[PDB]
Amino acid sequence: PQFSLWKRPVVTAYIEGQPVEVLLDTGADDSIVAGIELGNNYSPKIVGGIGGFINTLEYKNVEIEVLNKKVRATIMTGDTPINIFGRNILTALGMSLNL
């Protein structure tokens, strides 16, 4: 889906089968989502946002399906205000930003 940015780039994706609404964020290097139970193969990590740092759990090689393409990427679960799909997933989707 070509994304005219007139409407916030929000989409529904499946993170290991569970559907979640995520924001396509070209400013974030990482992806972070609240509320899904991905498991016990984690590693506490810290992600620094624009307002401060939050503790998160890093999950490697997770199956993600968004915009009809399946990818495997690192997702971090934490107490985040909005769910964000960062550049690590956008690049795996082959997503670019055009002018």
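C-alpha atoms forming the largest set that superposes within 1.5 Å between two forms make up the rigid core. Sequential numbering from 1, following the sequence displayed.
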query	finding
Stretch farther from the shown model on average in 5 other deposited structures of this protein, with CA RMS computed after core superposition (26-34, 43-51)	43-51
Core-fitted comparison in 5 other deposited structures of this protein, 3-11 vs 88-96, farther C-alphas	3-11
Comparing 85-93 with 12-20, the one whose average Cα B-factor in the PDB entry is higher	12-20
Stretch with the greater mean C-alpha B-factor as recorded in the entry, comparing 22-30 against 38-46	38-46
Among modelled residues of the same chain, the CA temperature factor third for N61	highest
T74 - which third its CA temperature factor falls in, relative to the rest of the chain	lowest
